[PDB]
Amino acid sequence: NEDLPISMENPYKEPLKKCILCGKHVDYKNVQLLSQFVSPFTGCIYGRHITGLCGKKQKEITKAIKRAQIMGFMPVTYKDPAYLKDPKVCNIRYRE
Amino acid sequence: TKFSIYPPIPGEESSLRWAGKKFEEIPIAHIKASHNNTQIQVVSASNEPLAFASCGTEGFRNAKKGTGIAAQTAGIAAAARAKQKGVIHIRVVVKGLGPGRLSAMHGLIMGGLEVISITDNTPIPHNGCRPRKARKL
Amino acid sequence: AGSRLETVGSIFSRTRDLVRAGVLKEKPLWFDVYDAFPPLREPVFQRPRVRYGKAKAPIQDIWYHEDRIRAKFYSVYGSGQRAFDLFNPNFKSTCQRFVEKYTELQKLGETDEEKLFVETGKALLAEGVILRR
Amino acid sequence: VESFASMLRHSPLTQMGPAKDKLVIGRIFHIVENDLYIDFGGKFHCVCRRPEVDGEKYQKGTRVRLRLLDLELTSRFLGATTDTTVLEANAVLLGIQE
Amino acid sequence: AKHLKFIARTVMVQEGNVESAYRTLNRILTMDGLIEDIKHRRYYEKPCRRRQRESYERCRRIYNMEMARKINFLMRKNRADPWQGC
RNA sequence: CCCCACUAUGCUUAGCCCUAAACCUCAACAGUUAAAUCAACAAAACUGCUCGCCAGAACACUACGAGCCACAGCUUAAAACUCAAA
Ligand code: FES
Ligand SMILES: [K+]
Ligand SMILES: [Mg+2]
Ligand SMILES: [Mg+2]
Ligand SMILES: [Mg+2]
């Protein structure tokens with residue numbers, strides 16, 4: 001019978017979700033991008049539940065931030081005020 | 001213009017003024033709120049001490065130093081001696097989580113000074129010295 | 001009365017053994033009917049088991065050729081603003097019209113998936129069906 | 001003689017594909033104060049709240065437009081070997097079918 | 001020490017509302033984890049105790065989220081009885 | 001047990017010592033999910049094959065012998081008397 005079902009992969013399968021930095025290079029010299037994932041008031045690195053990044057890119061951002069901090073590219077105890085007006089990508093609100 | 005919670009930048013020119021002076025020229029009230037004492041020192045923007053007051057210098061002794069009322073009294077005394085040197089506006093820098101963290105600021109306000117910003121500078125090591133062992137009480 | 005060991009054999013085997021053993025004087029009313037017209041499977045108790053390792057259920061996913069077309073249709077023109085009527089046994093959606101035209105062009109032409117899609121879209125627009133990408 | 005395979009293949013439900021964000025026409029068959037029980041041709045009915053706008057028009061037998069989200073609401077929970085089902089479909093009530 | 005002052009952990013007062021600024025600073029320090037760090041650094045926590053505490057906290061969070069998800073999923077059925085009497 | 005002061009020690013270099021609830025309290029490889037699943041609990045139940053180990057309690061993480069940069073230290077590890085239990 002020609003009406004029987006046939007074997008194939010799911011054609012309606014939606015593409016797997018990607019993080020905002022998927023496919024993009026994270027450099028320790030790009031202090032602007034790294035500053036988007038630290039607290040404005042303390043400079044502490046945000047966890048993935050706040051940044052929304054995948055584990056690989058969370059690790060990449062963490063390593064880049066630490067490298068830039070120790071090589072004199074990024075402040076440690078606060079976010080550089082020059083980047084305070086950059087787009088907000090983290091899910092955190094201080095109700096300031 | 002929307003109020004900015006973030007402090008002004010020394011470099012970036014801003015229009016915020018307090019009695020004609022910029023943010024980086026305002027005197028600084030340093031509050032150290034320990035567990036048994038609160039010490040307040042007012043200094044000029046150039047780091048010239050203007051007034052000093054602690055709970056111990058205001059007569060309180062032993063456990064009475066580590067209360068809110070003692071810190072409030074120290075704040076009032078510091079505010080009076082700073083008013084006598086032309087201080088009106090201050091930037092508050094608080095260090096420590098003692099009982100007088102907020103009472104000292106209250107005393108400063110009741111002594112006549114106007115707080116324009118609050119900064120916390122409590123020492124937080126990134127895991128340096130080893131703390132003491134817990135009390136076995 | 002019969003044996004109340006529901007986990008040993010079935011009601012039929014228990015009843016039959018008891019009847020032939022003389023415990024039951026007469027067959028129950030359903031015994032002859034069960035004899036004449038037995039079920040496909042004898043109702044014997046069995047304990048369901050959790051599968052482990054490489055064991056997998058033999059249930060297959062139901063897929064058809066046109067599903068691929070449907071999927072890509074639903075990915076390009078989106079879900080039709082028209083509403084499905086599942087109560088009508090012969091309801092014909094916009095996607096189903098697109099599928100039938102796609103298959104017609106496939107059997108009346110070559111096999112180039114992108115060309116078939118664009119040509120079918122042109123044909124539907126010519127017929128008078130709106131299709132917003 | 002039409003086989004079961006043909007009926008399944010040509011069924012409107014089969015043709016619909018995924019049920020997420022699909023517009024369907026349902027019929028109200030039961031009323032419980034402001035709870036509307038609607039059949040849309042699936043295995044399970046959906047329960048919607050009576051809209052605040054023209055709420056009097058929603059009566060038994062009324063045809064309504066719905067956006068399907070799930071044909072059956074199920075989910076496996078921690079420490080369970082089988083899914084828990086609420087025996088209900090998920091949908092959003094849009095309005096009355098003119 | 002080597003950083004610029006009056007940038008980190010700094011809040012401006014709006015219309016003389018010093019209490020609101022202080023409470024906002026307290027919130028910032030709390031959600032940045034600084035308050036818990038300061039309070040936990042007063043006495044030394046042994047590494048085994050630290051690991052046990054973190055494991056307990058993580059699994060408590062996971063269990064609580066799963067329970068909340070289950071309760072919310074089962075909340076949909078809590079409505080007026082449609083077949084009252086039968 | 002709280003408070004203050006201050007040692008060995010926690011650190012580096014070159015050597016010892018060789019012990020842990022050194023635990024996933026699950027020996028290593030390969031395989032199975034069909035069976036009655038299965039003493040209990042723990043951590044679903046098993047199969048093939050190999051090595052290691054175990055045959056009542058206590059005496060005994062002991063004595064003696066032997067080995068070890070170890071010198072009342074570590075590894076291996078008994079017997080007599082006793083009991084009906086453990
Ligand atoms: S999901 Fe692609 S790098 Fe994160
Ligand atoms: K263990
Ligand atoms: Mg071995
Ligand atoms: Mg023995
Ligand atoms: Mg020995």
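Labels below follow one simple rule: chain letters A, B, ... track the order of the sequence lines, proteins then strands, and each chain is numbered from 1.
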Identity of whatever pairs with [N] - Watson-Crick or G-U, under 3.5 angstrom:
N	result
F:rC2	none
F:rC83	F:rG56
F:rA14	none
F:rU32	F:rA45
F:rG65	F:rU76
F:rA27	F:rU50

Atom pairs under 3.5 Å, N or O on each side, protein against nucleotides 2-4 of chain F: can you list them with distances?
from  : atom 1 : to     : atom 2 : distance (Å)
F:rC2 : OP1    : B:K136 : N      : 3.1
F:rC2 : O3'    : B:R135 : NE     : 3.1
F:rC2 : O3'    : B:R135 : NH2    : 3.3
F:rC2 : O2'    : B:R135 : NH2    : 3.2
F:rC3 : OP1    : B:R135 : NE     : 3.4
F:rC4 : OP2    : B:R132 : NH1    : 3.2

Sugar pucker assignment (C1'-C2'-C3'-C4' positive north, negative south) for [N]:
N	value
F:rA72	south
F:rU25	south
F:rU33	south
F:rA60	south

Please measure how far the [atom1] atom in [N] lies from the corresponding atom in [M], and state the result in whole Å.
N	M	atom1	answer
F:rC59	F:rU82	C1'	9 Å
F:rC61	F:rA79	P	14 Å
F:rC68	F:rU50	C1'	32 Å
F:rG73	F:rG31	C1'	48 Å
F:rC53	F:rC69	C1'	32 Å
F:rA27	F:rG10	P	37 Å
F:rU75	F:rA85	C1'	33 Å
F:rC41	F:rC46	P	14 Å

Is the number of heavy atoms from other residues, nucleotides or ligands under 6.0 Å of E:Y63 OH greater than 12?
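For E:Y63, atom OH is not crowded (no more than 12 foreign heavy atoms under 6.0 Å).
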
Can you confirm whether A:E14 is buried at CD, in the sense that more than 12 heavy atoms of other residues, nucleotides or ligands lie under 6.0 Å from that atom?
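Check fails, neighbour count at 12 or below.
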
Mark yes when both conditions hold for [N] and [M] (six-membered ring centres under 5.5 angstrom, interplanar angle under 30 degrees), and no otherwise.
N	M	answer
F:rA60	F:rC61	no
F:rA66	F:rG67	yes
F:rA39	F:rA40	yes
F:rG15	F:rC16	yes
F:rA5	F:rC6	yes

Atom pair distance, as rounded to whole Å: [atom1] in [X] and [atom2] in [N]:
X	N	atom1	atom2	result
C:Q46	F:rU33	CD	P	18 Å
C:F45	F:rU37	CZ	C1'	12 Å
E:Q52	F:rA21	CD	P	17 Å
C:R47	F:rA36	CZ	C1'	10 Å
C:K54	F:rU47	NZ	P	20 Å
C:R49	F:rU32	CZ	P	17 Å
B:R130	F:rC11	CZ	P	11 Å

Go through the steps to decide whether E:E45 and E:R53 satisfy the test side-chain contact (heavy atoms from CB on, under 4.5 Å), and finish with yes or no.
CA-CA 10 Å; E:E45 181 170 46; E:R53 177 174 63 77; 3.0 Å; yes

Within 45° of the axis and under 6.0 Å from the centre of the six-membered ring of E:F6, does NZ or CZ of B:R91 qualify?
yes

Under the criterion of centre distance below 5.5 Å and interplanar angle below 30°, is C:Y52 classified as stacked on the base of F:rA44?
yes

Report yes if the distance between the aromatic ring centroids of A:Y46 and A:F37 is under 6.0 Å, otherwise no.
no

In this structure, is the centre-to-centre distance between the rings of A:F73 and A:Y28 below 6.0 Å?
yes

Testing the 3.5 Å rule here: is there a donor-acceptor pair between the side chains of C:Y34 and C:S10?
no

Between A:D80 and A:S35: side-chain donor-acceptor atoms closer than 3.5 Å
no

Check the angle between the aromatic planes of C:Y74 and A:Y12 and answer parallel, tilted or perpendicular using the 30° and 60° thresholds.
tilted

